[PDB]
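What follows is a short report on a single structure.
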Amino acid sequence: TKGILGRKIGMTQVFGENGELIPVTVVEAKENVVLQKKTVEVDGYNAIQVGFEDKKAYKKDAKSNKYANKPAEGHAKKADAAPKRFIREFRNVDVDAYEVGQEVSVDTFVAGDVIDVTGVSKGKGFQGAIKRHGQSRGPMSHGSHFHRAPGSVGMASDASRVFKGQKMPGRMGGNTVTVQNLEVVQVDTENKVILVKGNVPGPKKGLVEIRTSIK
Amino acid sequence: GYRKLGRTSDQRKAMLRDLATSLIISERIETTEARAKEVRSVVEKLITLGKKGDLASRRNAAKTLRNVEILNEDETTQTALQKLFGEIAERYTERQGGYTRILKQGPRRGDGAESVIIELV
Amino acid sequence: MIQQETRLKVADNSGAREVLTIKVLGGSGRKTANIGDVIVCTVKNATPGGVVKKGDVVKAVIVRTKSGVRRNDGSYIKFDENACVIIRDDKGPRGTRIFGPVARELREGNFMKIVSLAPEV
Amino acid sequence: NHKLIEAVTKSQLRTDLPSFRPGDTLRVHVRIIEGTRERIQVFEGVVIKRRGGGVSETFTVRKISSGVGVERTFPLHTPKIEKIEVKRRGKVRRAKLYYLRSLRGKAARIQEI
Amino acid sequence: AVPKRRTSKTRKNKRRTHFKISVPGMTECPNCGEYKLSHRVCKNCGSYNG
RNA sequence: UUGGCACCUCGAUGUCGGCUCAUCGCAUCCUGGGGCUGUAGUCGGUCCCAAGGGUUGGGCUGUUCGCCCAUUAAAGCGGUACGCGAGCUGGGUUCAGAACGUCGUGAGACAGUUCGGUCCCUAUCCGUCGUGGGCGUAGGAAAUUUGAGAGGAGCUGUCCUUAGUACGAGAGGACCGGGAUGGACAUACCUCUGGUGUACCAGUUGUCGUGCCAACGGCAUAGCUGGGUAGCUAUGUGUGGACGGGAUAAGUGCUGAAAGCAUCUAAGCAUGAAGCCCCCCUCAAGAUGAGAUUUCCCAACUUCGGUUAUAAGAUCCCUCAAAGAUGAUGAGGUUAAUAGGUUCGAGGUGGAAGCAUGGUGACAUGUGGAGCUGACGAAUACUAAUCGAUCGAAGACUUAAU
Ligand SMILES: CC(=O)NC[C@H]1CN(c2ccc(-c3ccc(CNCc4c[nH]nn4)cc3)c(F)c2)C(=O)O1
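Protein chains in written order, with the UniProt record's numbering: chain F, 2 to 216; chain R, 2 to 122; chain D, 1 to 121; chain Z, 3 to 115; chain L, 2 to 51.
Okay, here's the thing in structure tokens:
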């Protein structure tokens, strides 16, 4: 089991050996080090921390998150590394990795071919019941005065209330989803990019998490 | 486009052209904050056509500028197009972009709208 | 063909000229059917030179669709009209001639007689 | 055109194909593996559209088999295509020749340069 | 839909808890000496001079 | 279900079908596990466990019901004011008009038909779907995170192969195991195939204006017509229900007595379901039982035994979008590439203007795949993100262990 982080770049396509189309997502993964290691003695569970993208050093103003503050600056010096945003933990991986900082490259995912990707957001904000839960509309001719509204929300005077878990308008998108059983096309050196079959969640420039498939 | 400014398609092009021809005759006007960010791009693209000087540039600038008689020359009814390509284009012959400066005044009475002042640098 | 009330033209050498779809076989709630699918249809206009008469419930395979079909290598093929061929229970056509071209993928081990009778594949 | 996009795309792009402009007769030699053996089949028609891109660039060819029209779209840099030649050129005044679909006979012909 | 019941002084005064306004957020200009808004000109004698 | 009774409502509790959205029961229609058989096999007929998921489009009728057509693994029966009109419709019945049959001396009535015919309401409280502030968690902060709990998911077909084998006079044709590819449904996404694309490009009609010709602009749905970038999208492109443990129901058992034999049960020991608890996915310490890890900070005054400001940090204001009703969340504020402009590209349109040449002309050909170009990728401080202000600690008492 292994895992890294990266930023979604875009969608492309490659040609197979005999010749076909494979939709491809471009994901760059660079500057991944181990910031901390956790054991069963303290906090009672094994894991490793990873940092993705290094940021600037300590500054006097530091009013735009581009510079690491004092609690984070002193956090990345114990691992002999640089302050890196986007810290995440990987529990499935084995603990055979030095607690001191050591870089993780994309070349470890060679011949993997079975992974899963975690998305961070969708970004819709749409409220309508037709668009959010995929409901049917009403007639548009015939004198109808019911086009895109939700129908009844319960029975009459038997329960005399609305049950929990109804399908009503509200903010949609921007939740954690995970696509399983993808494949790795090719790992490219000197660019630190990974080619994955299909498509990953999230918009461009968004953080993704690639782990070894659990099934 | 960029922002609708609370008008329709044909009304928006008639208003953006009215402010651009006003910033050439007076070089300083008072307006709203949201409309000042839009006319900022309309005038800065007309100064670029004035630095070229070709006949194809004089005709590409006649599609925006209105026909008004600036007396800034003070003689001979100079047009809004003749002030451009002339003294305006000579002032910014070395400057590369950024020929506009906007200053903020405050919320006005009866509207609560941000009054601003936009002028040629 | 694609839906329940689609009008299809019969391409093989039989009395049927235009047919009206009635059902799409394969699973329940099945909505559409592309090239290579068997359907149940009825004869609307018939030719006296043929054996099938007006108002006959028959089966037929789809051979041409205006929508098209996508292949594994990433290429698409699309036709100008819609067409079908009346077949038997064991995939045998009712007619000894096939008119017009035929989609390149019907030799799935079951329609060998149709592709051979086709003039151009 | 992100810089990391062409870095991986540069391995798939081909160059031996000759440049053609929409509205000319094109003779395409396509390899088909249909059946136990493989062989080459020729496709001859007129180029009606060509949308841009990088590796994902396609073109459309339309011909007439017998009274009915046939249209086929191929990716430009596919390995399935073996060779492409330009038999005849034509004079048009637009990039998308969508009006050819409705016409037939003496109206579906294009003048030559 | 009409109100089924009257409104209390307690319920009316709880709803207007957040019905307030804040300080305009002003600073002092070291050219005119008077208070002024941020990122704006001194409304009295002076200018921006950023 | 058709009734019986007349207990609540006549200073109003809106009736039939259909549409949208569901939820519950088991007396089970399909799938899963079994006993018996007048069960050879393939298909069945009965009864016993089992409610996890699934349970289709049309013609006729206002119709419920019912008949019929073509499919399906199957086209289940009921409760919820015969669910649902401050969510929709108004074809039926019970308004004023008119006509037929019939009845009455008549004005008029139906154990009956026919054609028309006003459906109002800005959500106070509980309820539900989203999203912020305040205080708390015995110091004040920045990141990572355990999971007591809670929700989501749960379906199935056709061929191939064991095998033309077991079984059977022949026809006909498997259980049990192993592959391939679909149907419906659910989710992410825009590289392809399409749609849209009102500050992109190009053709063209009538009229007015820039003094005129050339070249442009206003108005007529965006005047009309042919294309189309980013974004948002399905009908398009990927993925998912995988594979296993533990305890059980209906069943089958082993050993074994009460009852010298016998016997699944009383002691004891196994096996055994699409169901139960987990494994897979998401939320989750306001879990007041308020958890854990890592790093950053640490004085001056007081006789109050307690205060004030500052620190770490976080905000006011300002430029923005990967976010968004507002707010919140993210990328940045001159130790600066955050957004405009400028300078080069990608994609889109398809040959600008001027001049030259060839025709009496409308036009055509050259310099030239020219010119133009919103939302996409880079480089560049040229214009704005000035100067300032507010908030925020100095760690309670008792008992054990040192
Ligand atoms: C108008 C109003 O506001 N009423 C307030 C009260 C009264 N009411 C109410 C409502 C509906 C009815 C009612 C329901 C069905 C039928 C059957 N029809 C067919 C038929 C048979 N024979 N002949 N025709 C008749 C009447 C009622 F009997 C009572 C309610 O719900 O509250």
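The beta-carbon is built from N, C-alpha and C at its ideal position, and this holds for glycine as well.
Over what stretch of residues does the alpha helix (DSSP H) that includes residue 223 of chain F continue unbroken?
No statement about residue 223 of chain F is possible, as the shown extent of chain F runs from 2 to 216 and does not include it.
Of the residues F/16, F/21, F/201 and F/35, the one placed nearest residue 83 of chain F, counting alpha carbons only:
Selection F/16, F/21, F/201 and F/35 evaluated against residue 83 of chain F yields F/35 as nearest (Cα-Cα).
Hey, does residue 77 of chain Z have any beta-carbon neighbour from chain D nearer than 8 Å?
So, interface residue.
Roughly how many angstroms separate the alpha carbons of residue 58 of chain F and residue 119 of chain F, rounded to a whole number?
Between the alpha carbons of residue 58 of chain F and residue 119 of chain F lies a gap of roughly 29 Å.
Using CA coordinates, which residue listed in Z/68, Z/92, Z/63 and Z/93 is at the minimum distance from residue 77 of chain D?
The option with the nearest alpha carbon to residue 77 of chain D is Z/63.
Quick one: what's got a C-beta closer than 8 Å to residue 186 of chain F's C-beta in the same chain, skipping five residues either side?
Around residue 186 of chain F, the same chain offers 15, 23, 25, 196, 197 and 198 as residues with beta carbons nearer than 8 Å, after the five sequence neighbours per side are excluded.
8 Å CB neighbourhood of residue 15 of chain Z in its chain, flanking five on each side removed:
Only 56, 57 and 79 meet the Cβ criterion.
8 Å Cβ cutoff, residue 62 of chain D in contact with chain Z
With 8 Å as the cut-off, residue 62 of chain D does not count as an interface residue toward chain Z.
Expressed to the nearest angstrom, what Euclidean distance is found between the alpha-carbon atoms of residue 114 of chain Z and residue 25 of chain Z?
Between residue 114 of chain Z and residue 25 of chain Z, the C-alpha separation is close to 10 Å.
Determine whether the Cβ of residue 42 of chain L lies closer than 8 Å to any Cβ atom of chain R.
Yes - at least one Cβ of chain R is within 8 Å of the one on residue 42 of chain L.
Would you kindly work out how many angstroms separate the C-alpha atoms of residue 93 of chain D and residue 112 of chain D, rounded to a whole number?
Whole-angstrom Cα-Cα distance: 11 Å.
Chain R partners of residue 49 of chain L, CB-CB under 9 Å?
For the C-beta of residue 49 of chain L, the chain R residues within less than 9 Å are, from N- to C-terminus, 104 and 105.
Along the region 21 to 35 of chain F, what residues have a CB closer than 8 Å to any CB found in chain D?
Cβ contacts with chain D come from 21 and 22.
Identify whether residue 21 of chain Z lies in helix, strand or coil by the three-state DSSP scheme.
Reduced to three states, the DSSP call for residue 21 of chain Z is coil.
What are the boundary residues of the beta strand (DSSP E) that residue 31 of chain Z is part of?
For residue 31 of chain Z, the uninterrupted beta strand (DSSP E) run begins and ends at 27 to 34, by DSSP.
In its own chain, which residues sit with a C-beta less than 8 Å from the C-beta of residue 99 of chain R, not counting the 5 before and 5 after it?
Closer than 8 Å at Cβ, skipping near neighbours: 45 and 122.
Thinking C-beta only, is residue 46 of chain D closer than 8 Å to residue 100 of chain D?
No; because the gap between Cβ atoms is not below 8 Å, this pair is not in contact.
Quick check on the DSSP output: the alpha helix (DSSP H) that includes residue 52 of chain L runs from which residue to which?
Because chain L spans 2 through 51 in this model, residue 52 of chain L falls outside it and cannot be assessed.
Using only alpha-carbon positions, find the residue among D/61, D/6, D/89 and D/96 that is nearest to residue 14 of chain D.
The candidate whose alpha carbon is nearest that of residue 14 of chain D is D/96.
Classification of residue 284 of chain F by the beta-carbon crowding that lies within 10 angstroms, buried from 16 upward:
A question about residue 284 of chain F goes unanswered here, because the residues of chain F that appear run from 2 up to 216.
Taking the alpha-carbon positions, what's the residue 30 of chain F to residue 60 of chain Z distance?
Each residue's CA atom was taken as its position, placing residue 30 of chain F and residue 60 of chain Z some 31 Å apart.
Can the beta-carbon of residue 43 of chain D be found less than 8 Å from the beta-carbon of residue 33 of chain D?
No, Cβ-Cβ distance for residue 43 of chain D and residue 33 of chain D is not below 8 Å.
Taking only beta-carbon positions, decide if residue 18 of chain D is within less than 8 Å of chain Z.
Not closer than 8 Å to any Cβ of chain Z, the Cβ of residue 18 of chain D fails to qualify, so no.
Relative to the C-alpha of residue 35 of chain D, which candidate in D/57, D/89, D/83 and D/119 has its C-alpha closest?
Nearest option by C-alpha distance: D/83.
Cα-Cα, which of Z/76, Z/92, Z/112 and Z/110 is closest to residue 85 of chain Z?
Of the listed residues, the one whose Cα sits closest to residue 85 of chain Z is Z/76.
Using a Cβ cut-off of 9 Å, which residues of the region 86 to 110 of chain D contact any Cβ in chain Z, in chain order?
Contacts with chain Z (Cβ-Cβ distance below 9 Å) from the region 86 to 110 of chain D involve 99, 100, 101, 104, 105 and 107, listed in chain order.
Under 8 Å by Cβ, that's how I've got residue 53 of chain F and residue 32 of chain F pegged, so tell me the actual separation to the nearest angstrom.
Contact flag correct, Cβ pair sits at about 7 Å.
Am I right that residue 87 of chain D and residue 57 of chain D are in contact with their C-beta atoms under 8 Å? What's the rounded C-beta distance?
Between residue 57 of chain D and residue 87 of chain D the Cβ distance is about 14 Å, and since that is not below 8 Å, they are no contact.
For residue 145 of chain F, I'd like the list of residues in its chain whose CB is within less than 8 Å of its CB, leaving aside the five on either flank, ordered along the chain.
Once the five neighbours on either side are set aside, the close Cβ partners of residue 145 of chain F are 139.
Does DSSP put residue 97 of chain R in a helix, a strand or coil?
Three-state result, residue 97 of chain R: coil.
How do the region 95 to 102 of chain Z and the region 3 to 15 of chain Z stand: do at least 3 beta-carbon pairs fall below 8 Å, yes or no?
No, they do not touch.
Given residue 18 of chain F as reference, the closest of D/30, D/55 and D/72 once Cα atoms are compared
Closest by alpha carbon: D/72.
Under DSSP, the alpha helix (DSSP H) around residue 116 of chain R begins and ends at which residues?
Membership of residue 116 of chain R in any alpha helix (DSSP H) is not indicated; the residue belongs instead to the beta strand (DSSP E) covering 115 to 121.
Where DSSP assigns a beta bridge to residue 48 of chain F, which residues make up the other side?
In the DSSP secondary-structure assignment, residue 48 of chain F is bridged to F/39.
Whole-angstrom distance between residue 30 of chain Z and residue 79 of chain D, CA atom to CA atom:
Cα-Cα distance, rounded: 18 Å.
Compute the Euclidean distance between the alpha carbons of residue 122 of chain F and residue 70 of chain Z, then round it to the nearest angstrom.
Near 49 Å, if we compare the C-alpha coordinates of residue 70 of chain Z and residue 122 of chain F.
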